[PDB]
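Shown next as structure tokens: one chain only, the form deposited in one PDB entry.
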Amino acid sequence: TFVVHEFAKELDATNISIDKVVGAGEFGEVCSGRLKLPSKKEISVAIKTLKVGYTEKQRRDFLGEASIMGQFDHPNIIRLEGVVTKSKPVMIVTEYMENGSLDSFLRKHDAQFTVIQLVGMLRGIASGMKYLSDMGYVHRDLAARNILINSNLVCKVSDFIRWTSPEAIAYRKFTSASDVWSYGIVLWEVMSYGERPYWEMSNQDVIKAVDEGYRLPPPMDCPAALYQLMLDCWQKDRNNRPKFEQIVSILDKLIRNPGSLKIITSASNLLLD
């Protein structure tokens, strides 16, 4: 069950080296480097720093991420290596993911992966979400931009209206079933190679169209089984959406029977139901 020092290792800064500054982040700089583990193994890591002259609120909000991430240990959830708090700048050190955010990565590779490669990505995301939901953690911001992808194309959940379920928009009813709605949107994003859900529709229209029963259309050459899975994730009644365990099983069956993916749906305009 989901509930800083309790869930995060205090790293010795002598074991951390920086070799690339990526850019600015919400609370400070973002870079990558190397971490020397206690066993002397050396690994690549992502490193995030807290800005000089931080406020106490900023420190709390920044480190709060580690207090959440550190509770999870799963191959499809970004791993927290630890934090540095006893020296400044304060740091969060996480799993290095060579290929960055999934949405941006897919946009660079439009139509260049096999369907089975895409399904593997999606199965990883679903497995990570099955564990988060098993822990009682509702992510609330599941989106391809918050999925990271490594050198072997393994996708992992990160970040601890377009993606939000209708009931969560209407009255802040956030549950694991609203995360399943979001997963359906991620499924569409992946099969669309990182197209923006609902493009640049007015937010009021995204809300109204979805409420009226309109859904994102099938991505080009989308397997029928995968578009149906999207529609299932987007059931108006949250009790009728699949659980994450069911999503993982559905995708595992498609991987086991790749021929099933050859059945292509029939089917920038939304489709009613």
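Residue positions are given as counts along the sequence shown, with the first one as 1. Residues that one form lacks are left out of the comparison. Whichever C-alpha set is largest while still superposing within 1.5 Å between the two forms counts as the rigid core.
Beyond what is shown, the protein has a form deposited with a small molecule bound; the following relates to that form.
Comment: the small molecule is not present in this chain, but in the bound PDB entry one of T85, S133, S192, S158 has a heavy atom within 4.5 Å of it, namely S158. Think of it this way: in the bound PDB entry, the small molecule has a heavy atom of just one of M230, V248, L50, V30 within 4.5 Å, and the residue is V30. Among heavy atoms of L35, none comes within 4.5 Å of the small molecule in the bound PDB entry. Within this chain, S182 is remote from the site of the small molecule in the bound PDB entry, having no heavy atom within 4.5 Å. Taking the partner from the other structure, the small molecule in the bound PDB entry has no heavy atom within 4.5 Å of any heavy atom of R162.
Contact annotation: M220 falls outside 4.5 Å of the small molecule in the bound PDB entry, judged by heavy atom distances.
At a distance of at most 4.5 angstroms from the small molecule in the bound PDB entry, none of the three residues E167, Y198 and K208 contributes a non-hydrogen atom. Between 35 to 43, 61 to 69, 238 to 246, 211 to 219, the stretch whose residues reach within 4.5 angstroms of the small molecule in the bound PDB entry through a non-hydrogen atom is 61 to 69. Between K108 and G23, the Cα distance is smaller in the bound PDB entry than in this structure, by no less than 3 angstroms. Between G25 and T55, the Cα spacing is larger in the bound PDB entry than in the shown form, differing by no less than 3 Å. Taking residues common to both forms and aligning the rigid core, Cα displacements of 2 Å or more over three or more consecutive positions between the shown form and the other one occur only in 22 to 29.
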